[PDB]
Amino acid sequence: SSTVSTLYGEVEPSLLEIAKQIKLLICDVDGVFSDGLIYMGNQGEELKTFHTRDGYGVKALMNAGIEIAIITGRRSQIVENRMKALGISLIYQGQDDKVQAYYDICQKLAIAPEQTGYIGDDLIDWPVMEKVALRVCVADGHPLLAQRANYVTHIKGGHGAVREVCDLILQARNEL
């Protein structure tokens, strides 16, 4: 074939061409930054997990001048805390309609969809992904989303899937 090695497997050269040119990466939270689990307690405690290797990836992308934004349907202090800690400021929570949040991001940043990527794990993510150039489903994402993606990560959501996509972009940019 015509495939090129990554740190994680093989991709079409056409995908690296797309990845090279990304200036905006938008991520869902649950199932992408986390593994999709919501930890619930009898006193109404709620936890969520994030992976340490993802932080390093996001920071590397932003150091390269790539904007990062988050769009999620849930709303938590957890997400505010984590995203602020990673230095991500474009945070959209409580979104039933992810398309409108995406439009708001577009109007703020003025970045074209050909230069935008999105990492999702479920069907609610599809209306935005469909519009952009890099369409990522995490390894364990909904199989119907995985069918529609142009990159399916090797690493599971919440375990380094975000880092994998950061590494893909950096490799494409010849910075890794």
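All residue numbers are counted from 1 along the displayed sequence.
Would you tell me which stretch averages the higher CA B-factor in the PDB entry, 108-116 or 24-32?
Of 24-32 and 108-116, the stretch with the higher C-alpha B-factor average is 108-116.
Between 164-172 and 5-13, which has the larger average Cα B-factor in the PDB entry?
According to the PDB entry, the answer is 5-13.
From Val128, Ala69, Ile66, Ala149, can you pick the one with the highest C-alpha B factor in the entry?
Among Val128, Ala69, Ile66, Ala149, the highest C-alpha B-factor in the entry belongs to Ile66.
Can you tell me whether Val138 has a C-alpha B-factor in the lowest, middle or highest third compared with the other modelled residues of the same chain?
Its C-alpha B-factor, which the entry lists for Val138, ranks in the lowest third among residues of this chain.
Sorting by Cα B-factor within the chain, modelled residues only, which third would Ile124 end up in: lowest, middle or highest?
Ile124: CA B-factor falls in the middle third of its chain.
Pull the Cα B-factor of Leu144 out of the PDB entry and bin it into the chain's lowest, middle or highest third.
It belongs to the middle third of the chain when residues are ordered by C-alpha B-factor.
What third of its chain's C-alpha B-factors does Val58 belong to: lowest, middle or highest?
As the PDB entry reports it, the C-alpha B-factor of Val58 lands in the middle third of its chain.
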